[PDB]
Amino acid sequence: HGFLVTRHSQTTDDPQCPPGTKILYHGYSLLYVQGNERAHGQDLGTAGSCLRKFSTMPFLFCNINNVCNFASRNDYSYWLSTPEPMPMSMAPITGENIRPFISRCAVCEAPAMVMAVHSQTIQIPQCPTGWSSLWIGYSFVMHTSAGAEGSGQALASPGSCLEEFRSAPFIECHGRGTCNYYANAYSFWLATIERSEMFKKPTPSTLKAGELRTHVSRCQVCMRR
């Protein structure tokens, strides 16, 4: 019937289409854009989060006087990033130096429905009976950055299942041509919840390097057989 599934490598390499699916096209991983200070995202599980061409400013805007402006104000674009570390200067990255930071994606056609399930535990949730595994990962639900604006993922969409946990899974770019990580770039994930504690006051926890991914909910993307 024309089912599609999008996958993000989180590296500069094109990701392979999941078992049982066929490639349509590859691109760069778009998380969301911000125009006139308003954020609008593209679900990572849809083809909309995979654009053939990258740019710190992938859009333009027009007014009722029939005048359009491209990269002529103060807008943003956010993309899933790679493991490339911040330069020692911690200063904004520009031009060709940006290339190594942008994640790649693949839009694939699937023979049937594709969905994600979350365990809300450190264990991988099993696929529903009769469904096959496409991939596993971590429960990525939403994010915020400049102005506390942002967007998120549908919990049954493959986009809520990132294959590699990253405290900073995306990078911020600007129309002026710069990109960088900022202290306020927040990534939100489904937490691990013990069934016995569902109706108990949450126990606060502060996590540091090495103990982060061990307390995040896991997920599996599945496809009907």
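All residue numbers are counted from 1 along the displayed sequence.
Q: State which stretch shows the higher mean Cα B factor in the entry: 98-106 or 79-87.
A: Per the deposited B-factors, the answer is 79-87.
Q: Would 149-157 or 119-127 have the larger average of its C-alpha temperature factors, as given in the entry?
A: The stretch with the larger mean CA B-factor is 119-127.
Q: From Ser72, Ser139, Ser132, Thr144, which pick has the Cα B-factor that tops the rest in the entry?
A: Top of the list by C-alpha B-factor: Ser132.
Q: Report the option among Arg166, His40, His174, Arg52 whose CA atom has the maximum B-factor in the deposited record.
A: Among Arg166, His40, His174, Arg52, the PDB entry lists the largest C-alpha B-factor for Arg52.
Q: Name the third of the chain's ranked CA B-factors that contains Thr214, choosing lowest, middle or highest.
A: CA B-factor rank for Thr214: highest third.
Q: In terms of the chain's CA B-factor thirds, is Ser196 lowest, middle or highest?
A: CA B-factor rank for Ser196: highest third.
Q: Based on the deposited C-alpha B factors for this chain, I'd like to know if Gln10 is in the lowest, middle or highest third.
A: Its C-alpha B-factor belongs to the lowest third of this chain's values.
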